[PDB]
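Only one chain is included here, represented as structure tokens and corresponding to the form deposited in one PDB entry.
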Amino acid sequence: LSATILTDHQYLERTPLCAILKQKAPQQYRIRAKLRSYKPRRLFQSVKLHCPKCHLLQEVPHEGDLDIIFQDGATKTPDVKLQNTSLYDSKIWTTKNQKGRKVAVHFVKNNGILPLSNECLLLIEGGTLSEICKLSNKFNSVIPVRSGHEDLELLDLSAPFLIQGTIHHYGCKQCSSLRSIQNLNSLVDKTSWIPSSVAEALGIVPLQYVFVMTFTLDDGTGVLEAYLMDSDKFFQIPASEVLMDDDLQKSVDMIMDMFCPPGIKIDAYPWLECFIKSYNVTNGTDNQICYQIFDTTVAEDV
């Protein structure tokens, strides 16, 4: 049995790789190939962030980076910003033996009242990563903020603009034009906290988590390099959750080991059935053809 199946375009005839490589882009194809090799070999490096608007691809900040950002963000003097009284209630806690740091927590109100904890959005200034993670478990969502000159503002977009459960949402630094926190007032519906609604209110273009991989595919007629840029179709594992979950990570590892079992020859690898599109890439003076996998998923008996 094939290791992957098409989720669409099943009517297509199979095209051999040698024929694809001789043809002009853009075209769509069905293929059957062995996965000869892939990048990244270090699978933990496959998780990237991609902007749907400007097309940039970037790294997800390391956990250690966030830890440092939040440590560096410690403040002795957080503001409530009193003009925002109808938006949120606020509390500030003092500390012992923590260099006089303070934590401000702002509790966003739904329709004039504080909602249940699981429905409550928090804004936090001066919290550690560990505190933010705990708050994200007990409340609906956390937005890290800092005291600006006039209003509360998001931290640098290198920190998540929203943490909801264990999902860290990031914004594009090129495409966003940040609005201050008071603009959360423009949300008429605060009965749920939809990440894209928070993002629009704050002028953020959210980045999308993707698995990015380079598949070297071989059917014996030729070798074709095809990119995978997958949010959750291919592995049936959400790229937005994978970095926070040992079991999801283990599943991706097991899928890839299944495509390329160690110490056996390529003929003994499973076939991958894939749909691919070809397209033209220009990096200055010369043209190049590239290939991407679409409408393809891992099969049931892994």
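All residue numbers refer to positions in the sequence shown, first residue = 1. Rigid core: the largest C-alpha set superposing within 1.5 Å between the two forms.
- Mean C-alpha B-factor is higher over 93-101 than over the other stretch, the pair under comparison being 93-101 and 122-130.
- When the two stretches 62-70 and 257-265 are set side by side, the higher mean Cα temperature factor goes to 257-265.
- Sort the modelled residues of the chain by CA B factor and residue 36 lands in the middle third.
- In the PDB entry, residue 244 places in the highest third of its chain by CA B-factor.
- When the modelled residues of the chain are ordered by C-alpha B-factor, residue 144 sits in the lowest third.
- When the modelled residues of the chain are ordered by their C-alpha B factor, residue 115 lands in the highest third.
- The deposited CA B-factor of residue 83 belongs to the middle third of values across its chain.
What comes next is about the form deposited in another entry, which does not appear here.
- In the overlay on the core between the shown form and the other one, a shift of 2 Å or more in CA position is seen for a single residue of 201, 80, 178, 229, which is 80.
- Core-superposed comparison between the shown form and the other one: the C-alpha position of residue 265 differs by no less than 2 Å.
- In summary, the C-alpha positions of residue 83 and residue 142 converge in that other deposited form, ending up at least 3 angstroms nearer each other than in this conformation.
- The pair residue 82 and residue 152 is tighter in that other deposited form: their Cα-Cα distance falls by no less than 3 Å compared with this form.
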